[PDB]
Protein chains: 4
Amino acid sequence: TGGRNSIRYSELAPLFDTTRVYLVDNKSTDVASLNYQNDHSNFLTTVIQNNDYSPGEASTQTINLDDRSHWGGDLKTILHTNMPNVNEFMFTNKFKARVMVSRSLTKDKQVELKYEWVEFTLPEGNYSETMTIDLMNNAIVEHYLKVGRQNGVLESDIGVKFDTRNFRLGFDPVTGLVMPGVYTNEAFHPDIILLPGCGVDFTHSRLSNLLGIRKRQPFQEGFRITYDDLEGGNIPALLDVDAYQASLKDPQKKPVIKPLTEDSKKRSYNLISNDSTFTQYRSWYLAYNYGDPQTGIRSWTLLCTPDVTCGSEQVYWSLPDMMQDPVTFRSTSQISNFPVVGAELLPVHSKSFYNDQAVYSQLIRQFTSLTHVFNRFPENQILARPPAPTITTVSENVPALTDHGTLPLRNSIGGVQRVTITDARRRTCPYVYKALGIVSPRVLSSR
Amino acid sequence: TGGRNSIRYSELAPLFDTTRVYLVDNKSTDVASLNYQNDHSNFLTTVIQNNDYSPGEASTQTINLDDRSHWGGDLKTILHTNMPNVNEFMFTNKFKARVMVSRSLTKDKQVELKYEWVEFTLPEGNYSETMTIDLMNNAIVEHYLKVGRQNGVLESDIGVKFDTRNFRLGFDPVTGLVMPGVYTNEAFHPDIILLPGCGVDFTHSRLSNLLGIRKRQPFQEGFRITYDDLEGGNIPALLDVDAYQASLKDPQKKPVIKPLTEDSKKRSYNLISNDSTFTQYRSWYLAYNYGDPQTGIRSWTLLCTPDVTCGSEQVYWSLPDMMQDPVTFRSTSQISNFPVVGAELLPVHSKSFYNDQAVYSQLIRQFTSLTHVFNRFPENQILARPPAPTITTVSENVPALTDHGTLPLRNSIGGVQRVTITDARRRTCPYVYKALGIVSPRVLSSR
Amino acid sequence: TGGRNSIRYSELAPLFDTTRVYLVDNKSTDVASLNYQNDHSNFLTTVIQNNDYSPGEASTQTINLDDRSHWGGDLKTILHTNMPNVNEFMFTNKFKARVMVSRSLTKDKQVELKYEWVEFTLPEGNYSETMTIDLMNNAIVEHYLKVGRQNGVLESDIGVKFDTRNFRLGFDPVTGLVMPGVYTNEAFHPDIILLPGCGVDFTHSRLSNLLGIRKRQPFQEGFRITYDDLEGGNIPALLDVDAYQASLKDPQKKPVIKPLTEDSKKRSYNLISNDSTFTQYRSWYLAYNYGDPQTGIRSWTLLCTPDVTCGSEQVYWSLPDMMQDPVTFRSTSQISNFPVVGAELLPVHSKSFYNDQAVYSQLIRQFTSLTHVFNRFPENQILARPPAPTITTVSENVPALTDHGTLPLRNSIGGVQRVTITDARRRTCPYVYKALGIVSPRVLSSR
Amino acid sequence: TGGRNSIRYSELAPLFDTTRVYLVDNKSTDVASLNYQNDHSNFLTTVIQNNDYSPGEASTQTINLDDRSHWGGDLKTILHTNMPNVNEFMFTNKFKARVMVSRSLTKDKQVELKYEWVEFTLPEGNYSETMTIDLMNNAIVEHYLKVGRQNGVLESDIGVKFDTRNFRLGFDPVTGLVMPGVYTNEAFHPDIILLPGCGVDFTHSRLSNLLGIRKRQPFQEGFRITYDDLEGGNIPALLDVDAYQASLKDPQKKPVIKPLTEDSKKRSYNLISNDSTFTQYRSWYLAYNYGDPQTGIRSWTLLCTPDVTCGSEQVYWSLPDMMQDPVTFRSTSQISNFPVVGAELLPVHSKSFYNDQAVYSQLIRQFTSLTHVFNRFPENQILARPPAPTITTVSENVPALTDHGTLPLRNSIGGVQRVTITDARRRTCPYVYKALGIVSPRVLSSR
């Protein structure tokens, strides 16, 4: 300490031992003159808080930590964002799926079914755990319109659906059917329901996480899940309620065996055989939980909690112009490679709420009335509308009063410092409303 | 340490090493005599806690940290506010918008439409994420009354509305219409719906943030968003439900093509052509998400989360009379420029709650009864009342037991210290109920 | 300090005193090349953050903390999971129970009842405190189908049920009956209802904890709770409401004495004697609270709060390649035995919510309509459906910004470090989405 | 430091400066062999984490902090319980009350009323702030059955009731009656309603706290509150609604004066005189708030918030075999007197929720139907069922990642350490699911 303290500035007098320099964006004189073209995730600040000098002029002056000692500073910071649930940036507004796009009676008498992969995109916005799903199913439909139907494709065969129920609760071990004649609409984890000849890929989307279907060994570029994969676990068919009820008057067999085939407005349930009790529709959930664990999807995939945020990602601070470049970091000027002084999780959590609207809706569509762009197939038990789970989650932004350690810094702090927040991939982050830094230099050793 | 400790006061005896001085407002003797004309964000305190002296008299005595050493103190503080959501101070009670103000059949046979920018103000208060919106729409209407109508202006042409739905979900790729004949009233982010010849400016309001429409490169003074800007993304028209239904009895074309034109009480939906399926009404949301991303508003603007607080802003502490002035700060007496010793976020967070009242209201206006100053156009599908989003947020004030570092201080602490909290712009902050400071001096080095 | 600081790297220059090395998974170059076959709970990272070298090549270079001093580093870490409530791993998807599996009129005229232990498994997923229970009861039934019934077993005798009410509130001290003729369906802690000749074992399941029935002295391998154990505390029988009401017209005794025997669709309530007011059904809750405290189950067991998480378990960090092996730990290469540097609770908490759906359901099954795979015996007052408790809990995953102490480390940190999170049993943990480590070395003493 | 660091173990090599020893229960080898008969609140752990030695054998070896220095360690700990709201241990399942137990027409023509104190106990479980109350009222009734009634006691005179409303809101200053003819059933703090000749004592129960009736000077063993105490503040009588309404047809006085006397099924409201407007029933709340503050109960008692937990109690850690015994503590082997190294609040908080079920119930008993063991006197306005308060609280268990200071420890840490958590009264605590300790020794001074 002794002669090694002195923290000096132009003529303003000697200050001794730790003090405080401030890194702030909202500083009025600065904005107008320096970071006009920049944004909160990468700006310039005048660290000289002296009322009498131009910002430019200040950019000349310097804070001089005494030369005789290696100094260090404590970096506390206040980060506050407002990034939405889904958006193009975090890759939560896109997802490739393969659907039916054409159905025509080929040239002889046999038929043709051609499928294709299409990328559907969501309208940017902050959503629910559910409404997001819905938005996806809708985006599937919206396509069936611009193309599908108008090419021999019947809703009775739309290839992909994201629902949320255990399509085999009512199932009866012997009858081979969902006895109650209705797939019990309770919510049990996001799922994926496919059809023959199609599937979905998330290779470039974090939405996967929203669903909660994670790859059992992630570091494998690529995420395709198709029909052939979902093996063992095709949605069993609903038993014919009426045929059964209507019977019992007059070897003497009963109406049981009759597995419903279609529903009001005659929508095909595409059953494998005119025999088998299983429909062609295949569910991930079903597969994972019910089909061979050592071979099924239960093998290469993992069932887990949703998380609307789509994945806690972190950000990296960098104060290139004011702090020594940590161990192996190379010093540069390429914004997308500055040295990093602190890492921290991007300020987003998921609040959970109890859903009353769970059942309230089961007592309104039972009393017929209009429909949403979401339940375009009310009377279908499958292309219906996935049941709203009790307890929805919602991505919520929150101020993060974080605190990075104490770092080594240069002894000639420039009048104008540059602040820069970066993300995992290394790029500014548009969704930053406020960055604030406080540094407290203090002597560490001697030269 | 050795001889350098001694913390002395008048005759009261030697105290050794760190101790504690207290900065408090609620001290009874003080109020009456010193900070009568002041407020919690800028007051005087007698730091001498000795029962026997006048406050004035005390203002003479002094706490003497030993001279032989440079001292420092730990500053912990308790800040507690109660600022409301919207108010004149934080600029959340004003916002300029351009509306229709006159409609008369000009002199020949052509017509005249004159528009003007008017500033509408809200009644101060703490609101919801939604009710705030509503308050704004109302403030638009309230003006249409004092002026608009009584000058040939028909509600059928009120220029600005802040709603919250995706005005194009039911849309059908081929019919060019919102098939279900009703814009599906689900909430998906605050939006702005304009008309020809008008728009809104937030150049001087944080309400922008409440809506969640942020400028893609903020440091640009000025925020005007007009009709011409919202290009591509005019609300499509609702299909005529009846015309279509009523048909199908008797080349042989159907009632489809007929896009509704007006609604019960015949309110014009102002459609571009007697042809086109698009109404003149333009939505921001629509633009951002559906119209050309490289040219549309999606370009210069950014879609993001609401935040009722309107923007986490920070405050600055200053204890001019008791702590050495940090690095570059100049020493002065101009309250609005004192040195700063600590920065901290203004004590306001946003709590979120689940909205049951989301639908409950869809089952009460379907069963006709009175109206609120909010739904003055129930039968309009557009000037209706934006759907209440599930999950509302509410600005909430909370005590902040913060802790600034350890700062260097003078060795002659005056009997009367001055505390001062300031905001980003540098001015006291009326909404401060309690400020409390605790300082713990302790030796740092030697002189 | 003096000459002992120097933190050196290849030619990049001398860095002095503490700095920062980063342990991160999401690093792009790494994934592709090193931890392809690994997962977030056990991966490799290149700690050399220098843009110009291959990952392989980097794996050569080294960070050299000065040789002359023993160094130490501060290890802060960010752990984030997403493990579900029930699953095969945490042993929350299995549980052995003993049920009736056969009922036939033995060879002479006496009868035969054979029982057996069967393991039932749940569909993996994240559940409620209740719906979990339900899932279990269902899993009991689902078995009764594949076997039970089709072998002379009548629902009127299914052996195990997990309910949640105090089966003896209405009870009248003299009549020896539940007067109101209905077991008051309010929820009061998970319970277990058995029948003669059967029981349940949790010897290999944490579900026990979900129920909240803990063994009074845990370190005893084995958890079997059978009929004979639940002594004193057999569910009293419901009084015959009608017999009583229908009477009172004409020594002159009343219809009281008549304890109902069966319910609509005549389901036997299996009463011990045609006399006794007690049914053969026995409840844990009842036992614990009402039967002899010094002998009953109240003795060897303990009644306590549920907790959906099934048990706060912890995890162990290990950074074998970068930090000295703590006191007694042996140095090795067997992943399942690495040295441990930090322990921390596995990131899972239980959020609680208020249940409105508590009663809403009592006003819908009173108005007859379909049934769930859950209430297959609506008209039974016992095999009914346990009442939903107000205030349900739900396992929720949360990011854990933890902080382990400051640890001693090697002075030759390898270009490639290995991170490894382990659980109590010592094995990687599939449910880890993100692990992040920040180390801040700093001199501790001298060599 | 210099030669004073060395932390040694058998042959495993020299470790220098702070390191980490771990105190864990869930360690597999340990359980089976050492703490078989123990529980989580008092167990043994092998601190030697070396894979190759028996636990017994390990119990021999020792960690040797260097001899030349006095060492200290940082003790961080993870405590997690699951204790329920009410239970026998925390004394929340018992409470003495004095009730009517006999009513017979004495030998001459005068009568006899004998009262007695009885202890009622609750069924153990975790409850609500309310349902607990209810459980108590029920427990009062349940007794009236086994004894009361069957001895001339009419419900019309059951002595104690725990309700929750201000029995005198409708009251009219002149008529001396609760005009609306109904005690306005809104909830305003737990209360106690007594009758002549009886009362309640909490001398041995924390339930008092649940009610929120605390003794104004606690350190006084004993808590009896009887009739004679509740002076001034007898529940006023409800005005006869009908008598009044039915009148007004024909000095000419009105039906006012008539204070109802009994209710449907003629239950006596026991009014002092055939005159006075006051019933014999006395309320604590009433007393405290309305009767003489300098003499009434308002004097020796204190009205305050409920708190379901019944009282934040703390626990004491003790690591007898590994840390020096703090200042005045005597060293011993009596588990219930070990030295204490850290104190901490027993991990229980009270979550609050908003009650919709507040009114929902006022619109179901107004539409007659069955009754609960709770509202056995629906038509009574007094023995009714206390109104459910909006905002109920619920005891909730939570993991407590606490941190005790840095303590002095022995330099010869035994292979097997003993952990022990104790409560205020000094006894193990059955409700402990997990205890975890991490110690970080580090040199403090020299010998």
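The name the PDB entry gives chain A is PENTON PROTEIN, with Human adenovirus 2 as the organism. Per the PDB record, the entry is named "THE QUASI-ATOMIC MODEL OF THE ADENOVIRUS TYPE 3 PENTON BASE DODECAHEDRON". Per UniProt, the comment on chain A under Subunit is "Interacts with the fiber protein (via N-terminal tail region). Interacts with the capsid vertex protein; this interaction binds the penton base to neighboring peripentonal hexons. Interacts (via the cell attachment site RGD) with host heterodimer ITGAV-ITGB5; this interaction promotes virus internalization. Interacts with host WWP1 and WWP2." UniProt, in its Sequence similarities section for chain A, records the words "Belongs to the adenoviridae penton family."

**A look at the overall build of chain A**
A tally of regular secondary structure across chain A gives eight helices and 27 strands. In terms of overall size, chain A is more extended than a compact globule, its C-alpha atoms giving a radius of gyration of 31 Å where 447 residues would be expected to give roughly 22 Å. Based on the C-alpha atoms only, the size of chain A along its principal axes is roughly 110 × 45 × 45 Å. Here chain A holds 447 residues, and the buried ones make up 60% of them. Within the structure as shown, chain A displays about 18100 Å² of accessible surface, and the carbon and sulfur contribution to it stands at 50%. A distance of 3 Å separates the average location of the 45 positive side-chain charges in chain A from that of its 47 negative side-chain charges.

**Here we look at the relation of the copies chain A and chain B**
Each copy superposes on the other: chain A lies on chain B with an RMSD of 0.0 Å after a rotation of 72° and an axial shift of 0.0 Å. Within this description, the copies of the chain are treated as partners about a five-fold rotation axis. Interface residue correspondence from chain A to chain B reaches only 5%, placing this contact among heterologous pairings that use different surfaces.

**Overview of helix α3 (residues 129-148) of chain B**
The first and last C-alpha atoms of α3(B) sit 28 Å apart over 20 residues, in line with the 28 Å expected at 1.5 Å per residue. Counting buried residues along α3(B), 16 of its 20 residues qualify, which places the element largely inside the surrounding structure.

**Some words on the arrangement of the chains**
A gap remains between chain B and chain C, with no contact made and the closest C-alpha atoms lying 12 Å from each other. Separated throughout, chain B and chain D approach each other most closely at a C-alpha pair spaced 12 Å apart.

**Brief notes about the sheet that holds strand β14 (residues 234-236) of chain D**
Residue and element names in this part refer to chain D. The three strands lie next to each other as β10-β17-β14, forming an open sheet whose pairing is antiparallel. Each edge of the sheet is formed by a strand with only one pairing partner; in this case those strands are β10 (193-194) and β14. Looking at chain direction, β14 and strand β17 (residues 278-283) are connected through two bridges and run antiparallel. The partner of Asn234 across the bridge, within β17, is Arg282.

**As for the domain arrangement of chain A**
All names here are of chain A. Each assigned domain of chain A is listed with its residue range as follows: domain 1 (1-82 + 314-345 + 399-447) and domain 2 (83-313 + 346-398). The gap between the C-alpha centroids of domain 1 and domain 2 is 51 Å. Roughly 1300 Å² is buried in total at the junction of domain 1 and domain 2, and carbon and sulfur atoms are behind 64% of that figure. Together, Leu345, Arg427 and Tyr431 form the three largest contributors to the area buried by domain 1 at its contact with domain 2, with a combined 40%. The tally of links from domain 1 across to domain 2 stands at zero salt bridges. Summed over the shared surface of domain 1 and domain 2, the number is four residue pairs in polar contact. Every element with two or more residues in the side of domain 1 that touches domain 2 is listed here: β5 (69-81), β19 (314-317) and β20 (342-345). A total of three residues in the side of domain 1 that touches domain 2 trace back to one element, the largest contributor, which is β5. Across the side of domain 1 that touches domain 2, the residue classes tally to nine nonpolar, five polar and three charged.

**Remarks on the interface of chain C and chain D**
Chain C puts 64 residues into the contact, and the matching count from chain D is 73 residues. On inspection of chain C and its partner chain D, the count reaches five salt bridges. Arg298(C) is the partner of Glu124(D) in a salt bridge, and the nearest nitrogen-oxygen pair spans 4.0 Å. At the surface where chain C touches chain D, the tally comes to 24 residue pairs in polar contact. When residues of the side of chain C that touches chain D are traced back to their parent elements, those giving at least two are β8 (171-172), α6 (284-290), β18 (301-303), β19 (314-317), β20 (342-345), β21 (348-353), β23 (400-409) and β27 (432-446) of chain C. Here the side of chain C that touches chain D is composed, by residue class, of 32 nonpolar, 20 polar and 12 charged.

**Description of the sheet that holds strand β2 (residues 21-24) of chain A**
All names here are of chain A. Pairing is antiparallel across the open sheet formed by four strands, whose spatial order is β2-β27-β5-β23. Strands at the two margins of the open sheet, each flanked by one partner only, are β2 and β23 (400-409). The sheet shows a mean angle of 20° between the axes of neighbouring strands, taken without regard to direction. Sheet topology places β2 next to strand β27 (residues 432-446); four bridges connect them, and they run antiparallel. Its bridge partner being in β27, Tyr22 is matched across the sheet by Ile438.

**Here we look at the environment of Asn35(C)**
Counting through the fold element by element, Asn35(C) comes out in the loop between α1 (28-33) and β3 (42-46). Here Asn35(C) falls in the buried class, since its relative accessible area comes to 0%. Residues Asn35(C) and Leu15(C), spaced 20 residues apart in sequence, show a C-alpha to C-alpha distance of 30 Å. Apart from the residues lying within four places of it in its own chain, the contact partners of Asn35(C) are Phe219(A), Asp30(C), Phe43(C) and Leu44(C). At a separation of 2.5 Å, a polar atom in the side chain of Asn35(C) contacts the main-chain carbonyl oxygen of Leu44(C).

**With respect to the state of the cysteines**
Put plainly, a disulfide is one covalent bond tying together the sulfur atoms of two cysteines. Summed over the entire model, instances satisfying the criterion amount to zero disulfides over all chains. This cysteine, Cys429(D), is not joined by any disulfide, and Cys304(C) carries the nearest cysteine sulfur, 11 Å off.

**What to know about the side chain of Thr309(C)**
Residue and element names in this part refer to chain C. Residue placement: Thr309 occurs in the loop between β18 and β19. Take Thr309: its relative accessible area is 11%, and that puts it in the buried class. Only 2.7 Å separates the side chain of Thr309 from the side chain of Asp307, close enough to count as a polar contact. A distance of 3.1 Å separates the side chain of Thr309 from the backbone nitrogen of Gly311, its partner in a polar contact. Filtering out sequence-adjacent residues up to four positions away, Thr309 remains in contact with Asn85, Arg206, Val348, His349, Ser350 and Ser395.

**Section: the side chain of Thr46(B)**
Within the secondary structure, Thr46(B) sits in strand β3 (residues 42-46). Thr46(B) has contacts with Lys27(B), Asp30(B), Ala58(B), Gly415(B) and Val416(B), leaving out every residue within four places of it along the chain.

**Concerning the packing of aromatic side chains**
Describing an aromatic ring pair means giving the distance of the ring centres and the angle of the ring planes. As enumerated under the stated definition, the model contains 38 aromatic pairs over all chains in all. Measuring from centroid to centroid gives 5.6 Å for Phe95(D) and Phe162(D), while their planes differ by 75°, and the two rings are edge-to-face. Taken together, the residues span a long stretch of sequence, with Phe95(D) in strand β6 (residues 94-104) and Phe162(D) in the loop between α3 (129-148) and β8 (171-172) at a distance of 67 residues. The two residues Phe95(D) and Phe162(D) agree in class, both being buried. Three or more aromatic residues joined by ring pairs form one cluster here, namely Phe95(A), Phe120(A), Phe162(A), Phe202(A), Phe223(A) and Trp300(A). Over the ring of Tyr227(B) we find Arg282(B); its NZ or CZ atom is 4.0 Å from the centre of that ring.

**Thoughts on empty space enclosed by the protein**
Residue and element names in this part refer to chain C. Here the largest cavity is characterised by a volume of approximately 240 Å³. Lining the largest cavity we find 22 residues, and of these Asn137, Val141, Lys161, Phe377 and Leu383 sit closest to its centre. Elements with a minimum of two residues in the lining of the largest cavity: α3 (129-148) and β10 (193-194).

**Observations regarding the interface of chain A and chain B**
Of the residues lining the interface, 73 residues belong to chain A; the matching set on chain B comes to 64 residues. Across the chain A to chain B interface the summed buried area is about 5700 Å²; carbon plus sulfur atoms make up 57%. Ranking the residues of chain A by area buried against chain B places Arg20(A), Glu124(A) and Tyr433(A) at the top, with a combined share of 11%. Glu313(B) serves as the salt-bridge partner of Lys434(A), at 3.1 Å between the closest nitrogen and oxygen. Counting across the chain A and chain B interface gives 24 residue pairs in polar contact.

**Some remarks on a negative patch on the surface**
Together, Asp228(B), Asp229(B), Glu231(B) and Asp292(B) make up a negatively charged patch on the protein surface. A relative accessible area of 59% places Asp228(B) in the exposed class.

What counts and what doesn't
- Residues numbered from 1 in each chain as written, not as in the entry; some residues may be left out.
- Chains lettered and ligands numbered in written order.
- Part of a larger assembly, values for the part shown.
- Heavy atoms only, no water.
- UniProt positions renumbered as here; feature names shortened; annotations may be inferred.
- Helix = DSSP H or I, 4+ residues; strand = E, 2+ residues; numbered from the N terminus.
- Rg over C-alpha atoms; globule rule 2.2 N^0.38 Å.
- Buried < 20%, exposed > 50% of the residue type's maximum accessible area, 1.4 Å probe, protein only.
- Areas by Shrake-Rupley, 256 points an atom, 1.4 Å probe, with all protein chains shown as cover.
- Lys, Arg positive; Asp, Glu negative; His and termini not counted.
- Charge placed at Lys NZ, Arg CZ, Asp CG, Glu CD.
- Least-squares fit on C-alpha atoms.
- Contact = heavy atoms within 4.5 Å.
- Expected span 1.5 Å × (residues − 1).
- Pairing = 2+ DSSP bridges.
- Domains from an automatic or database assignment.
- Buried area = accessible area lost by both parts, 1.4 Å probe.
- Salt bridge = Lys/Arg side-chain N within 4 Å of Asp/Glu carboxyl O.
- Polar contact = N/O pair within 3.5 Å; in protein donor to acceptor, adjacent residues only side chain to side chain.
- Nonpolar A, V, L, I, M, F, W, Y, C, P; charged D, E, K, R; others polar.
- Axes fitted to C-alpha atoms, helices over the stretch in contact; angles between N-to-C directions.
- Disulfide = S-S within 2.5 Å.
- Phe/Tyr/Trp six-rings, centres within 6.5 Å; stacked < 30°, edge-to-face > 60°.
- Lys NZ or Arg CZ within 6 Å of the ring centre and 35° of its normal.
- 1 Å grid on protein atoms, 1.4 Å probe; cavity = no way out; pocket = protein on both sides within 12 Å on 5 of 7 lines; lining within 4 Å.
- Points joined across faces, edges and corners; volume = space filled by probe spheres on them.
- Patch = residues over 30% accessible without salt bridge, like charges linked within 9 Å, V, L, I, M, F, W, Y side chains within 5 Å.

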